[PDB]
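S.K.: There's a structure below that I have some questions on.
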Amino acid sequence: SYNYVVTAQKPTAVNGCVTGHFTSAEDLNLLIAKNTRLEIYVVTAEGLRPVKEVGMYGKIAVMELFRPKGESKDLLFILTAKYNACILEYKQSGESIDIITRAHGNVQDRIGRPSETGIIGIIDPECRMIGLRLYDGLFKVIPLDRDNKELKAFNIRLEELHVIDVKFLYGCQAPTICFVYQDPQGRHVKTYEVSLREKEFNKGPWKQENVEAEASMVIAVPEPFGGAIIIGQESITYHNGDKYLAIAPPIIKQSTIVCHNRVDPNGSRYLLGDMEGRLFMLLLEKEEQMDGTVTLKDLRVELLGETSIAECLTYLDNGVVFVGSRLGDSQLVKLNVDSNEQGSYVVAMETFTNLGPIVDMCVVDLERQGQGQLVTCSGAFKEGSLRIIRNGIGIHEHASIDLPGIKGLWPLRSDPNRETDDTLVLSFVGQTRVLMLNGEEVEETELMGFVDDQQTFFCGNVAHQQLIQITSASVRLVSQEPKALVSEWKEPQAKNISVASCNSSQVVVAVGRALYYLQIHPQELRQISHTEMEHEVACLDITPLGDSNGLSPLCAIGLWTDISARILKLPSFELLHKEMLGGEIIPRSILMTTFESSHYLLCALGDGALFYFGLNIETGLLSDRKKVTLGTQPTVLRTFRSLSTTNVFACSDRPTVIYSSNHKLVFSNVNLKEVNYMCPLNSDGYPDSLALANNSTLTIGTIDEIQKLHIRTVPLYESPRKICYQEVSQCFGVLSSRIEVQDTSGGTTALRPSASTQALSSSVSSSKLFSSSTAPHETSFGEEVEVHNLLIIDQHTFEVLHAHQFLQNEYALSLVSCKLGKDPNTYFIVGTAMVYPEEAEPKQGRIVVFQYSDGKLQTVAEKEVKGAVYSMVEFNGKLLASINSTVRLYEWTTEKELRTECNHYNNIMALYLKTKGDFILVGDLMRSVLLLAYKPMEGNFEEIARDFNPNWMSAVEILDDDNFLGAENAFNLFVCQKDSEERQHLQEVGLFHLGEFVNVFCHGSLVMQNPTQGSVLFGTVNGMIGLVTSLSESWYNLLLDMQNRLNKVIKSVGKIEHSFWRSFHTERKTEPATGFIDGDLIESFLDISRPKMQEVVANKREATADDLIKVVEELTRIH
Amino acid sequence: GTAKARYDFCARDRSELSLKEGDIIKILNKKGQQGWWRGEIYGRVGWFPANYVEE
Amino acid sequence: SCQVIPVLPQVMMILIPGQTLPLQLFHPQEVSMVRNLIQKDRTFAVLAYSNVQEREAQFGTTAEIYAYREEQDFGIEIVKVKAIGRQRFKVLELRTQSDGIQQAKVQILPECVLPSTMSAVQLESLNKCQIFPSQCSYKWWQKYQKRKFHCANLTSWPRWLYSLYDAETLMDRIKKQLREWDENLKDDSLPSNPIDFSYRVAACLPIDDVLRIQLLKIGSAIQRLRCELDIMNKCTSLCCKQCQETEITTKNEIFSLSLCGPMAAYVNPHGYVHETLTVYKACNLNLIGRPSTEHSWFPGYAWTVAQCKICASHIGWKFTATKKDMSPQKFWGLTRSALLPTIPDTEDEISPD
Ligand SMILES: [Zn+2]
């Protein structure tokens, strides 16, 4: 087996969000838990400033902030799915950020049955203890003191077993806990006092009280009100011993309330969210009782507006609320004083992409660009969507002037009054051409005082309203307004300029080994410094940074012999840090630049290597040497902002944008074959565009959003289920299901317009293959009826061309696009099942063959089957399908019909169907993997092997005829090999705790492809897209050693060792990780410091640190 | 153990032995109320009363 | 774990955990063996024979003796013993001792349990809304499925599909079939634990030896509940084991006169186990002899031997009331050891999971 698995897209679904002061006592923070990731932000008037993002070795189950005695800022408590408790402290020392572990420990019991309502963790107001509820009838308490480092906690025997929700009650003498529990009698609210000394539950403040049969939420009300609020389906009650206030408003019965958050510290207002995606305001009215303390007057509920389906909510400040969603896009909303015409105080501000739940997906090379694209069935209910994900950063080309051999580009402004650029100077071999930009027109013009028979190295707008031009012959200065040469510096011995660089106010040129520092002043260029170097100059840069914003105090340079990057002071040339470089290749380019706040020195070489180091603007010394290869030809480094952030463009064989995110440099490729030179441009006809140039053509065009992976969202406003592509018709087939309420008039009416209703063409599945007398339709008013549908969405515009609705109670479960038999037409075949609420098992279903012709989906064939069709696949020109526990193979006859060719009756339900050649891997929801094979001479199926281990299963895929990848219970991945003697059983050869629930596997890759065997992408419920590629044993054996060596040096968050986290876990079985390599762990080898690499790479084949750099870099190219 | 059958006894379940007077039954067990004893006639094995058969 | 546990020779039953094994031993060699099992508090084994002629077994259950009743009579010291199955096992070796009693080398099979299918999808979503108390049955089941399986839409399968694998829904589906036969409440009679519920159903279902062997081979309680429903829904006909095409009774005629399930374990005065199933009607059976009341398992009702119409094999007995005040007036007590659950039409035995 031996498989390698890496994350192509991090999980996007939000499962927890809190507000506090984690970074600083003054900074209001927002922490977000994206499953195995933690995001840290700061609340500002604009929005959220990203500060840090860390990789947690576990699914974050609980996330809470607290500040005990003798603590300047909030500490973060986090508990993972594998019960790993931790107290994390934020510590920023200068421009470097670090998350350190104050205390850590595993709180998993020896023997315990996990509770039905998951894990519930809560903290006491005075930060005296942490109350966890991991198992049924057992309430664990961690003693919060400045001494418990290992987190040794005690378990208490709780008589109540079925506890729904529990919160530490505010305003109490001792640490009290309020909770709602269920028993055979009914749901009730109870209180207990938690004593650390005695370790037992003493009587609480008030007696046990009865609550609604559908009451399932507890809110710890802070001072001065106190007590708790119990939310249910119809009633909302308050409990403070003596007082029992209750209201049943009609505005809340439409949907179940699922989340809550506090707005005021006192607790006068609370935001509530429901399943239908509504936002409400729960107002605790306060009566002014003259005895100091106040009493609750009445509870009032108000509808604010419509938001995404929120798992958790959080009020930030000034009406700004963050909406953390699991189903749809997480969003940032604003609550206004005055509501809009529709009557909604909620107004969206920003939308954060969420690809999950990825229920289905396919790989299609949509633009035939060589690189594949991924279209996914994302979201559910009103949050239904289709997302197209592709690697790289696009370039929207507008101009295309054929000018071969350009050796430099520079934007210019001939007129000072205009802020926009109207000139673009191009350099050529021994010559310089100048172009004019009158809108979209480009004409060859001559700028005064600019020599044209010499090759230019730099030119542009400079201080005192002047223009500069550094040529092989000499440096020129032209007065912008009268257009004339005013000053010209020449070399004393009439020598040519070898290398040169200039900025807004300074000019630094070099002739072989000589160097001359010049300054820009009205009509003059005066030489200040004159220094000779050890060897000939290779490259130069003088980009100023945010030290003083005027003239740069430091300068970067490179040498021909004894290659090294050096930093120099301008009024003297003092050698600050001489970082020596290795190899027999000279640095072609060098650049100083700012990124977020920290400054960096980037140095490129002829072999395509790029070094980057942190550089302090006052001291002038380098730090953290990190090397990375991008291309094979020399790289050119230029700067551009585009969307309010400085970015660097690296022109080479593999052009790439070096940008920053999470205070570290990111290297995302641009979708262009080759760029030799480029510059940013901002003309009237080309606003905020980029001027790229290659071996043959000058091109002007707008860049895409600067980020790894470009995602396009198509909203449907209904749940998508399956997707397949039909190349002949240039469109996708998508199964969908809107929810229509049962009308009193005897019909259906949607809650909102969606893709299936708002379509160009629509049709109903008028058919009588199912008789009317099957099951009596006894659904009352307001019942949720699921109206299934098939959409013919276009592949270029993604517009819904057709929406064929199925029959009443019909459920579409499978869909394929293929040519069957000797028929040249490609069809859309759908497997359905008749689901009547009264019937438990589906005894009816059908298979419909469709043909999208003349803009209308025609029905070709309709085969009724006695059972549900869960999966179908194309098998050697014959349609293979699954009816309940029967794997049937159909033949497409000349009279366009599906005749039954062969049958195979199995003692397991057929949910999954995958094929490779003549092999058929069937599967079940209870991990019943079964490999069958169709012998053509026999004319029927034959079992080869099986492995029926009882375990939940979500997806399956065939890597090759022997290896079979699959996803199983408690977020794990497994592989089944075939030993083709004993052949009738599959050998399990892979175990790996992924931490994500895989809904779908799909063969393909998102790389251009102009090292590893095979390529399988996977879509998870948390919006994470992963990749599995199989590898050799020699390569596995090497990378397995790297896994053990990297764990010794990488400082894990919460000190959780990698071996335990990625090891298999299904409660009863907890085996180590085998037959799998965590690619994300391997990829972090480049992120560690240079001395750490020497410790990792400690010990024919020799270890060498640089050798393993190329192997790890090769593995990053597969995703 | 010879033991000859003297009166016809029809079996009421799969545990009792269907008998016809004349045959000798090899006595396997000889303990029970009303002389109910276990026996085998080569193939079939089952119980029978003493007031029907004789030693 | 591994244990060399002893095996009784007279046992011919396929015992299921929780099911009671009645016994009546005449031989003093097995009586003394039973009494040693009392003092040492050890458990004996019940080998589920595939080929009972040459004594061949691959699986079984460890039975613990829970009752002993020495009845020192004039003839011989006759003993009556009740035992209960506890743990399922795999047979590794059959060590036949010089005393004619075999000591099977046993490997205890683990009781495989699985959590809620929705808990494996997400951790904190829809946790508060999961278990609910106790308006009509239709409205409770429609909202229970929509509220418990709300996470199902996040996966590649519908709500109703996961209902076919949920232990609570499968148990309730079985309870609806059981209530049609027996007029008893689940409250205390039937257990709430899916493991105990599955084994309780397995013991009281009228099924042949091979179905019980395959049912005992099942490890997960979820799979066992699904297989039990497949038998109830597909095998709606019971036929003679000898001639396999003689329809005797159907599912819709099963009832419980005794308030101890539809098919209970009874024993005749000769020490033989008869798992009698009570049915209102039973076609294709010949009645032999006169109606007797000697050692009547159902007092008041008179039994008459009921043999097959074709092969004349003993199938059961016809029970008719003597007093007119009784209700019902007639029923048939059919023995499990002679009934083959046949799927009607022309399809052979098949059962998903
Ligand atoms: Zn018969």
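Ligands are numbered from 1 in the order shown, residues from 1 within each chain, and chains are lettered A, B, ... in the order they appear in the structure tokens.
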12 Å from ligand 1 is the threshold here; counting only C-alpha atoms and all ligand atoms, which polymer residues fall inside it? Answer as a list in words.

M.R.: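 The distance check yields residues 238, 239, 240, 241, 242, 243, 244, 245, 246, 247, 248, 283, 284, 285, 286, 306, 307, 308, 309, 310, 311, 312, 313, 314, 315, 316, 338, 339 and 340 of chain C.
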
S.K.: Pull N, CA and C atoms from the residues just selected and write them as a compact mmCIF listing (two decimals), in the first residue's frame.

M.R.:
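Okay, this is what ended up in again-v3.txt:
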```txt
# COMPACT_ATOMS: atom_id res chain seq x y z
N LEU C 238 -43.97 -20.68 7.49
CA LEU C 238 -43.24 -21.74 8.19
C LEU C 238 -43.65 -23.06 7.57
N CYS C 239 -42.67 -23.86 7.12
CA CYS C 239 -42.90 -25.14 6.44
C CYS C 239 -42.29 -26.33 7.20
N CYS C 240 -42.52 -27.57 6.74
CA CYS C 240 -41.93 -28.75 7.36
C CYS C 240 -40.43 -28.79 7.04
N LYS C 241 -39.58 -29.17 8.01
CA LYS C 241 -38.14 -29.26 7.77
C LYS C 241 -37.79 -30.42 6.84
N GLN C 242 -38.48 -31.56 6.96
CA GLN C 242 -38.21 -32.73 6.12
C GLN C 242 -38.60 -32.41 4.64
N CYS C 243 -39.90 -32.39 4.26
CA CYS C 243 -40.29 -32.00 2.91
C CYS C 243 -40.33 -30.47 2.96
N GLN C 244 -39.46 -29.80 2.20
CA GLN C 244 -39.32 -28.35 2.28
C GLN C 244 -40.38 -27.53 1.51
N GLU C 245 -41.49 -28.14 1.06
CA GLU C 245 -42.54 -27.42 0.33
C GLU C 245 -43.94 -27.77 0.89
N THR C 246 -44.08 -27.76 2.23
CA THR C 246 -45.35 -28.06 2.91
C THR C 246 -45.68 -26.89 3.84
N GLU C 247 -46.46 -25.92 3.35
CA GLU C 247 -46.83 -24.74 4.14
C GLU C 247 -47.70 -25.13 5.34
N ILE C 248 -47.24 -24.83 6.56
CA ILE C 248 -47.96 -25.18 7.79
C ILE C 248 -48.68 -23.94 8.35
N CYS C 283 -52.61 -25.22 8.80
CA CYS C 283 -53.04 -26.11 7.73
C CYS C 283 -52.00 -27.20 7.40
N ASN C 284 -52.43 -28.24 6.65
CA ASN C 284 -51.61 -29.37 6.20
C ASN C 284 -51.00 -30.19 7.35
N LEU C 285 -51.83 -30.56 8.34
CA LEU C 285 -51.38 -31.37 9.46
C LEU C 285 -52.43 -32.43 9.79
N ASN C 286 -52.00 -33.69 9.93
CA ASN C 286 -52.88 -34.80 10.28
C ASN C 286 -52.88 -34.99 11.79
N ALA C 306 -49.95 -33.71 16.08
CA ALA C 306 -50.10 -33.15 14.73
C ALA C 306 -48.86 -33.45 13.88
N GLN C 307 -48.97 -34.40 12.95
CA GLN C 307 -47.88 -34.78 12.04
C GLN C 307 -48.06 -34.15 10.65
N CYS C 308 -46.99 -34.15 9.84
CA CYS C 308 -47.03 -33.59 8.49
C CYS C 308 -47.98 -34.38 7.58
N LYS C 309 -48.59 -33.69 6.63
CA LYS C 309 -49.52 -34.30 5.68
C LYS C 309 -48.78 -35.21 4.69
N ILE C 310 -47.55 -34.84 4.28
CA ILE C 310 -46.77 -35.61 3.31
C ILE C 310 -45.79 -36.63 3.97
N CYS C 311 -44.82 -36.15 4.77
CA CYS C 311 -43.80 -37.02 5.36
C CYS C 311 -44.16 -37.59 6.74
N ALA C 312 -45.34 -37.25 7.30
CA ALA C 312 -45.80 -37.72 8.61
C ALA C 312 -44.80 -37.50 9.77
N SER C 313 -43.93 -36.48 9.65
CA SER C 313 -42.97 -36.15 10.71
C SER C 313 -43.70 -35.37 11.80
N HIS C 314 -43.30 -35.55 13.07
CA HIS C 314 -43.94 -34.84 14.17
C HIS C 314 -43.63 -33.36 14.09
N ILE C 315 -44.67 -32.52 13.93
CA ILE C 315 -44.54 -31.07 13.82
C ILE C 315 -44.98 -30.39 15.12
N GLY C 316 -46.11 -30.80 15.68
CA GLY C 316 -46.61 -30.21 16.91
C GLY C 316 -47.83 -30.89 17.50
N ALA C 338 -39.01 -28.65 14.02
CA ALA C 338 -39.57 -29.21 12.79
C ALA C 338 -40.10 -28.15 11.82
N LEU C 339 -39.78 -26.85 12.03
CA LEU C 339 -40.25 -25.78 11.16
C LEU C 339 -39.11 -25.09 10.42
N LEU C 340 -39.30 -24.85 9.12
CA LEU C 340 -38.34 -24.20 8.24
C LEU C 340 -38.94 -22.86 7.76
```

S.K.: Select, as a count of residues only, those residues of chain C with any atom no more than 9 Å from chain A (distances computed using only C-alpha atoms).

M.R.: 45

S.K.: Please produce, as a tab-separated table, a per-residue contact table for chain B versus chain C (criterion: any atom at most 7 Å away, only C-alpha atoms considered), showing the nearest atom pair and its distance in Å to one decimal, sorted by chain then residue number.

M.R.:
```
residue	atom	partner	partner_atom	distance
B:12	CA	C:305	CA	6.2
B:13	CA	C:314	CA	5.8
B:14	CA	C:314	CA	6.4
B:15	CA	C:272	CA	6.6
B:31	CA	C:76	CA	6.7
B:32	CA	C:75	CA	6.2
B:33	CA	C:75	CA	6.4
```

S.K.: Generate the output file for the selected residues, N, CA, C and O atoms, as a PDB file, in the first residue's frame.

M.R.:
```pdb
ATOM      1  N   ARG B  12     -45.376 -40.112  20.253  1.00  0.00           N
ATOM      2  CA  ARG B  12     -46.090 -38.833  20.293  1.00  0.00           C
ATOM      3  C   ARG B  12     -45.204 -37.613  19.974  1.00  0.00           C
ATOM      4  O   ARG B  12     -45.735 -36.521  19.778  1.00  0.00           O
ATOM      5  N   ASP B  13     -43.872 -37.795  19.912  1.00  0.00           N
ATOM      6  CA  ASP B  13     -42.916 -36.734  19.578  1.00  0.00           C
ATOM      7  C   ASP B  13     -41.589 -37.353  19.046  1.00  0.00           C
ATOM      8  O   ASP B  13     -41.468 -38.577  18.983  1.00  0.00           O
ATOM      9  N   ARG B  14     -40.608 -36.522  18.650  1.00  0.00           N
ATOM     10  CA  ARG B  14     -39.335 -37.027  18.129  1.00  0.00           C
ATOM     11  C   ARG B  14     -38.469 -37.763  19.176  1.00  0.00           C
ATOM     12  O   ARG B  14     -37.539 -38.464  18.784  1.00  0.00           O
ATOM     13  N   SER B  15     -38.777 -37.636  20.483  1.00  0.00           N
ATOM     14  CA  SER B  15     -38.016 -38.312  21.538  1.00  0.00           C
ATOM     15  C   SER B  15     -38.478 -39.753  21.795  1.00  0.00           C
ATOM     16  O   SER B  15     -37.666 -40.559  22.234  1.00  0.00           O
ATOM     17  N   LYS B  31     -34.046 -46.641  33.311  1.00  0.00           N
ATOM     18  CA  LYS B  31     -34.424 -45.930  34.535  1.00  0.00           C
ATOM     19  C   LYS B  31     -35.459 -44.846  34.198  1.00  0.00           C
ATOM     20  O   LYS B  31     -35.230 -44.042  33.295  1.00  0.00           O
ATOM     21  N   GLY B  32     -36.576 -44.834  34.925  1.00  0.00           N
ATOM     22  CA  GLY B  32     -37.643 -43.859  34.719  1.00  0.00           C
ATOM     23  C   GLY B  32     -38.975 -44.297  35.304  1.00  0.00           C
ATOM     24  O   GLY B  32     -39.146 -45.470  35.646  1.00  0.00           O
ATOM     25  N   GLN B  33     -39.935 -43.358  35.419  1.00  0.00           N
ATOM     26  CA  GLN B  33     -41.276 -43.653  35.954  1.00  0.00           C
ATOM     27  C   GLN B  33     -42.080 -44.534  34.983  1.00  0.00           C
ATOM     28  O   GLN B  33     -41.795 -44.530  33.788  1.00  0.00           O
TER      29      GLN B  33
END
```

S.K.: Write out as a list in words which residues come within 9 Å of segment 34-47 of chain B when counting only C-alpha atoms, dropping same-chain ones fewer than 5 positions away.

M.R.: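 Final neighbour list, sorted by chain and number: residues 11, 14, 15, 16, 17, 18, 23, 24, 25, 26, 27, 28 and 29 of chain B; 75 and 270 of chain C.
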
S.K.: Can you tell me how far atom CA of residue 506 of chain A sits from atom CA of residue 518 of chain A, in Å to one decimal?

M.R.: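 Going from atom CA of residue 506 of chain A over to atom CA of residue 518 of chain A, I get 6.1 Å.
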
S.K.: In Å, with one decimal, what is the gap from atom CA of residue 112 of chain A to atom CA of residue 1058 of chain A?

M.R.: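 Separation of atom CA of residue 112 of chain A and atom CA of residue 1058 of chain A: 24.2 Å.
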
S.K.: Could you list, as a PyMOL selection string, every residue within 7 Å of segment 522-536 of chain A, counting only C-alpha atoms and ignoring same-chain residues fewer than 3 positions away?

M.R.: chain A and resi 464+486-487+489+512-519+559-561+571-572
